[PDB]
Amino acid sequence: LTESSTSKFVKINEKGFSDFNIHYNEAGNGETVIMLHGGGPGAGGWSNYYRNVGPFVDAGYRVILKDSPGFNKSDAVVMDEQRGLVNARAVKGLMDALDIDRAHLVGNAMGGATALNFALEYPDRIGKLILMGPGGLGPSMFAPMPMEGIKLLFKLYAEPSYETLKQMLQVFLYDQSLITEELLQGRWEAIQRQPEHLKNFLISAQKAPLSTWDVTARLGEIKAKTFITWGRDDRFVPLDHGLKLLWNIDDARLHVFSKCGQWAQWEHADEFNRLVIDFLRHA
């Protein structure tokens, strides 16, 4: 499978979206799993999940790697509401447009906030919920905020450069030897190709600070069976938020990977793929 062979576009119409262009990459034809990426500069569905799409398709799922509004090849946007909710509306718009009745959701960081908001707003449209270090869940009981990684994420948004991208990635990943020229150049190309996304994200952050993303108080509403994953060494979203989710969602379990930053699906791809596929099949 390749980015080019899987690349598709769909115009969505949902709440404050009118003929809004959403890019996604699709492979497979069984039960739909939508995978949702984080909010760092240059993020997109394919680069976030290219170690997972193949195994999930082999397991018999239809995988949609969605570009969230204001990222990658999806349309530019300035949001005045918290991104989790807006992104979630875009997932519903995509699903309606493609006649998908129900989807399993996989979401890391911002994508985890998206998946949470979706499970809250559209409970009849979600199957199972897989959350990898979701962002915006309020203060940590131990970690000073903004977290180290978030500071670097802001700095890259405001002053984008190849060196700052590398600094960010070194914080993002536990194992530094995963940062090849291919990963760096690829992410750098996504940033260079869409400078408008960077300035818009910063404007959006002014209109709706991270505190506005905190849906903690509503977690008890979630009826989806939930699989929470965390990197032990995540410097972007605090480990104790894995416990917050585990205590507040009805049917949840928590899996924490050692020697792992925010990108468990990349750093521990084999174990991640087996666990989540097993959860989707049998939980």
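A residue's number is simply how far along the shown sequence it sits, counting from 1.
- In this entry, 170-178 shows the higher mean Cα temperature factor of the pair 170-178 and 107-115.
- Stretch comparison (131-139 versus 94-102) by mean CA B-factor in the PDB entry places 94-102 on top.
- Ranking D234, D67, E221, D240 by the C-alpha B-factor listed in the PDB entry places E221 at the top.
- Among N29, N52, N248, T229, the highest C-alpha B-factor recorded in the PDB entry belongs to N29.
- In the PDB entry, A264 places in the middle third of its chain by CA B-factor.
- Per-chain ranking of the deposited C-alpha B factor places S18 in the highest third.
- In the deposited entry, the Cα temperature factor of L1 places it in the highest third of its chain's modelled residues.
- Among all modelled residues in its chain, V215 ranks in the middle third by Cα B-factor.
- Ranked by C-alpha B-factor against the other modelled residues of its chain, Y157 falls in the middle third.
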